[PDB]
Amino acid sequence: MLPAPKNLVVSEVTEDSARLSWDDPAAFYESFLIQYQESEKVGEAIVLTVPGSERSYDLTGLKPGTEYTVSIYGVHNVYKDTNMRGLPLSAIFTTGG
């Protein structure tokens with residue numbers, strides 16, 4: 001199974017933002033996919049693509065005092081235009097007031 005990135009750290013949590021940090025120690029993945037959603041909501045997930053050079057990302061436009069679930073996936077181009085995603089690295093956090 002294609003591995004999850006490692007060591008998701010959520011920091012700088014404000015009323016409307018949070019910083020995500022992760023590691024890809026082998027620098028295997030060509031890009032990452034970040035998916036985040038209000039924990040209580042269904043079918044309202046936001047999906048961001050980020051270049052494989054990155055190890056951090058600032059979530060913005062979040063609602064205050066709200067719990068979010070976030071997952072980060074590595075994306076690997078296995079053949080032609082077929083992309084495989086590995087296992088998720090996930091966290092749950094709540095924004096401030």
# chains A, B, ... in the order shown; residues from 1 in each chain; ligands from 1

call {"tool": "closest_atom_pairs", "arguments": {"of": "range 33-69 of chain A", "to": "range 15-23 of chain A", "cutoff": "12 Å", "atoms": "only C-alpha atoms", "output": "tab-separated table"}}
result
residue	atom	partner	partner_atom	distance
A:34	CA	A:20	CA	9.7
A:35	CA	A:20	CA	11.7
A:36	CA	A:20	CA	11.2
A:52	CA	A:23	CA	10.8
A:53	CA	A:23	CA	10.8
A:54	CA	A:22	CA	8.9
A:55	CA	A:22	CA	5.3
A:56	CA	A:21	CA	4.2
A:57	CA	A:20	CA	5.2
A:58	CA	A:19	CA	4.4
A:59	CA	A:18	CA	5.2
A:60	CA	A:17	CA	4.4
A:61	CA	A:16	CA	5.5
A:62	CA	A:16	CA	4.3
A:63	CA	A:16	CA	5.6
A:64	CA	A:15	CA	4.7
A:65	CA	A:15	CA	6.8
A:66	CA	A:15	CA	8.8
A:67	CA	A:15	CA	11.2
A:68	CA	A:18	CA	10.3
A:69	CA	A:18	CA	11.8

call {"tool": "select_by_dssp", "arguments": {"residues": "chain A", "states": "strand (DSSP E or B)", "output": "compact mmCIF listing (two decimals) with N, CA, C and O atoms, in the first residue's frame"}}
result
# COMPACT_ATOMS: atom_id res chain seq x y z
N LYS A 6 4.13 11.60 6.58
CA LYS A 6 4.36 11.40 8.00
C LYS A 6 4.23 12.71 8.77
O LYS A 6 4.36 13.80 8.21
N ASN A 7 3.91 12.57 10.06
CA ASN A 7 4.03 13.65 11.05
C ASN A 7 3.23 14.90 10.66
O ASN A 7 3.77 15.98 10.47
N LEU A 8 1.91 14.74 10.57
CA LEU A 8 1.04 15.90 10.37
C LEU A 8 0.99 16.72 11.66
O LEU A 8 0.59 16.22 12.72
N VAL A 9 1.34 18.00 11.54
CA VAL A 9 1.35 18.92 12.68
C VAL A 9 0.40 20.06 12.34
O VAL A 9 0.51 20.66 11.27
N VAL A 10 -0.55 20.31 13.22
CA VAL A 10 -1.48 21.43 13.06
C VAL A 10 -1.06 22.51 14.04
O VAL A 10 -0.91 22.26 15.25
N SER A 11 -0.81 23.72 13.53
CA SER A 11 -0.31 24.81 14.38
C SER A 11 -0.92 26.12 13.90
O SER A 11 -1.67 26.15 12.91
N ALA A 18 -5.56 27.71 9.89
CA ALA A 18 -4.66 26.81 10.60
C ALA A 18 -3.55 26.44 9.65
O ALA A 18 -3.76 26.37 8.43
N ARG A 19 -2.36 26.19 10.21
CA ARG A 19 -1.23 25.76 9.42
C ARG A 19 -1.08 24.25 9.54
O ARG A 19 -1.05 23.70 10.65
N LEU A 20 -0.97 23.59 8.38
CA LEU A 20 -0.62 22.18 8.29
C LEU A 20 0.84 22.04 7.88
O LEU A 20 1.34 22.81 7.05
N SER A 21 1.50 21.05 8.48
CA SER A 21 2.88 20.69 8.16
C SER A 21 2.94 19.18 8.09
O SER A 21 2.29 18.49 8.88
N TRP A 22 3.70 18.65 7.12
CA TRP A 22 3.85 17.20 7.02
C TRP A 22 5.25 16.91 6.49
O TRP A 22 5.98 17.81 6.08
N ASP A 23 5.63 15.63 6.51
CA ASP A 23 6.92 15.18 6.00
C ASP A 23 6.71 14.10 4.93
O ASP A 23 5.78 13.29 5.02
N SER A 31 3.04 15.24 -5.98
CA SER A 31 2.13 16.28 -5.51
C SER A 31 1.39 15.72 -4.31
O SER A 31 1.46 14.52 -4.01
N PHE A 32 0.65 16.61 -3.62
CA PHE A 32 -0.19 16.20 -2.50
C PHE A 32 -1.60 16.72 -2.73
O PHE A 32 -1.81 17.70 -3.44
N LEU A 33 -2.55 16.01 -2.14
CA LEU A 33 -3.94 16.38 -2.16
C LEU A 33 -4.34 16.61 -0.71
O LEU A 33 -4.11 15.73 0.13
N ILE A 34 -4.88 17.79 -0.41
CA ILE A 34 -5.39 18.12 0.91
C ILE A 34 -6.91 18.20 0.82
O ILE A 34 -7.44 18.91 -0.03
N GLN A 35 -7.60 17.44 1.67
CA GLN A 35 -9.05 17.47 1.71
C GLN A 35 -9.46 17.86 3.12
O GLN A 35 -8.92 17.31 4.09
N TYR A 36 -10.36 18.82 3.25
CA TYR A 36 -10.79 19.21 4.58
C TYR A 36 -12.27 19.51 4.55
O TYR A 36 -12.85 19.84 3.50
N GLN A 37 -12.90 19.36 5.71
CA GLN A 37 -14.35 19.41 5.80
C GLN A 37 -14.71 19.67 7.25
O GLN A 37 -14.01 19.20 8.15
N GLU A 38 -15.77 20.43 7.46
CA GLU A 38 -16.38 20.50 8.79
C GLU A 38 -16.76 19.09 9.24
O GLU A 38 -17.43 18.36 8.51
N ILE A 46 -13.71 20.27 0.82
CA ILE A 46 -12.90 21.09 -0.06
C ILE A 46 -11.64 20.30 -0.37
O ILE A 46 -11.07 19.67 0.53
N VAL A 47 -11.19 20.35 -1.62
CA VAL A 47 -10.04 19.58 -2.09
C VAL A 47 -9.06 20.54 -2.75
O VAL A 47 -9.42 21.23 -3.71
N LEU A 48 -7.81 20.55 -2.26
CA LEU A 48 -6.74 21.40 -2.76
C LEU A 48 -5.63 20.51 -3.31
O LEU A 48 -5.32 19.48 -2.71
N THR A 49 -5.02 20.90 -4.42
CA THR A 49 -3.83 20.23 -4.91
C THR A 49 -2.61 21.09 -4.59
O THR A 49 -2.66 22.31 -4.71
N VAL A 50 -1.54 20.45 -4.14
CA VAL A 50 -0.34 21.23 -3.84
C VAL A 50 0.88 20.54 -4.42
O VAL A 50 1.00 19.31 -4.46
N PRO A 51 1.83 21.33 -4.93
CA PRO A 51 3.02 20.74 -5.54
C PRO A 51 3.84 19.89 -4.57
O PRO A 51 3.85 20.10 -3.35
N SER A 56 4.00 22.16 3.70
CA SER A 56 3.14 22.91 4.62
C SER A 56 2.07 23.61 3.80
O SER A 56 2.22 23.83 2.59
N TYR A 57 0.99 24.00 4.48
CA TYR A 57 -0.06 24.70 3.76
C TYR A 57 -0.91 25.41 4.80
O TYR A 57 -1.22 24.83 5.84
N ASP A 58 -1.33 26.64 4.50
CA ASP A 58 -2.18 27.40 5.41
C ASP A 58 -3.63 27.31 4.97
O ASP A 58 -4.01 27.84 3.92
N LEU A 59 -4.45 26.62 5.77
CA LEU A 59 -5.89 26.62 5.56
C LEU A 59 -6.45 27.97 5.95
O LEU A 59 -6.12 28.48 7.03
N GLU A 67 -15.17 22.58 14.32
CA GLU A 67 -14.29 21.43 14.21
C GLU A 67 -14.18 20.96 12.76
O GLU A 67 -15.21 20.81 12.07
N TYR A 68 -12.94 20.75 12.31
CA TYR A 68 -12.61 20.31 10.96
C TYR A 68 -11.85 19.01 10.99
O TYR A 68 -11.06 18.75 11.91
N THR A 69 -12.06 18.19 9.96
CA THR A 69 -11.23 17.04 9.69
C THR A 69 -10.41 17.33 8.44
O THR A 69 -10.95 17.88 7.47
N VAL A 70 -9.12 17.01 8.47
CA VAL A 70 -8.25 17.26 7.32
C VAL A 70 -7.46 16.00 7.03
O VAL A 70 -6.98 15.33 7.95
N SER A 71 -7.33 15.68 5.75
CA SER A 71 -6.50 14.56 5.33
C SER A 71 -5.55 15.02 4.24
O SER A 71 -5.93 15.78 3.35
N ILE A 72 -4.33 14.51 4.28
CA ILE A 72 -3.36 14.78 3.24
C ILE A 72 -2.98 13.45 2.61
O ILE A 72 -2.73 12.48 3.32
N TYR A 73 -2.97 13.41 1.28
CA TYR A 73 -2.63 12.23 0.50
C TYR A 73 -1.48 12.55 -0.44
O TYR A 73 -1.47 13.61 -1.06
N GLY A 74 -0.54 11.62 -0.60
CA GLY A 74 0.41 11.75 -1.70
C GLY A 74 -0.20 11.26 -3.00
O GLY A 74 -1.02 10.34 -3.00
N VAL A 75 0.21 11.87 -4.12
CA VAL A 75 -0.28 11.51 -5.45
C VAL A 75 0.93 11.10 -6.30
O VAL A 75 1.92 11.84 -6.37
N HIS A 76 0.83 9.93 -6.96
CA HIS A 76 1.91 9.34 -7.74
C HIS A 76 1.40 8.99 -9.14
O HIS A 76 0.37 8.33 -9.28
N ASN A 77 2.12 9.43 -10.17
CA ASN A 77 1.73 9.14 -11.55
C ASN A 77 2.27 7.76 -11.91
O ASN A 77 3.44 7.60 -12.22
N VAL A 78 1.40 6.74 -11.90
CA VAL A 78 1.93 5.38 -12.05
C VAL A 78 2.15 5.03 -13.51
O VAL A 78 3.12 4.33 -13.85
N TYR A 79 1.31 5.53 -14.41
CA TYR A 79 1.37 5.15 -15.81
C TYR A 79 0.54 6.15 -16.59
O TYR A 79 -0.53 6.54 -16.13
N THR A 82 -2.67 7.99 -15.44
CA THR A 82 -3.28 7.33 -14.29
C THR A 82 -2.54 7.76 -13.03
O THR A 82 -1.32 7.61 -12.96
N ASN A 83 -3.27 8.30 -12.06
CA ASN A 83 -2.68 8.77 -10.81
C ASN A 83 -3.15 7.89 -9.66
O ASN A 83 -4.34 7.58 -9.55
N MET A 84 -2.22 7.49 -8.79
CA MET A 84 -2.57 6.72 -7.61
C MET A 84 -2.41 7.61 -6.39
O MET A 84 -1.42 8.34 -6.28
N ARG A 85 -3.35 7.52 -5.46
CA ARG A 85 -3.16 8.18 -4.17
C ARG A 85 -2.81 7.14 -3.12
O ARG A 85 -3.40 6.06 -3.08
N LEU A 89 -2.95 10.81 5.68
CA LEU A 89 -2.50 11.32 6.96
C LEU A 89 -3.55 12.33 7.43
O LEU A 89 -3.82 13.30 6.72
N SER A 90 -4.14 12.13 8.62
CA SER A 90 -5.31 12.92 9.00
C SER A 90 -5.20 13.52 10.40
O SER A 90 -4.47 13.02 11.26
N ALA A 91 -5.99 14.57 10.61
CA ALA A 91 -6.10 15.19 11.92
C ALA A 91 -7.46 15.86 12.04
O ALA A 91 -8.13 16.15 11.05
N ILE A 92 -7.87 16.09 13.29
CA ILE A 92 -9.07 16.83 13.62
C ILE A 92 -8.66 17.97 14.54
O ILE A 92 -7.88 17.75 15.48
N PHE A 93 -9.15 19.18 14.25
CA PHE A 93 -8.84 20.36 15.06
C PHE A 93 -10.05 21.27 15.07
O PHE A 93 -10.95 21.14 14.23
N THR A 94 -10.08 22.21 16.01
CA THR A 94 -11.16 23.18 16.14
C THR A 94 -10.59 24.59 16.07
O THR A 94 -9.57 24.88 16.70

call {"tool": "closest_residue", "arguments": {"among": "A:43, A:86, A:25, A:97", "to": "residue 2 in chain A", "atoms": "only C-alpha atoms"}}
result
A:86

call {"tool": "atom_distance", "arguments": {"atom1": "CA of residue 29 in chain A", "atom2": "CA of residue 4 in chain A"}}
result
10.1 Å
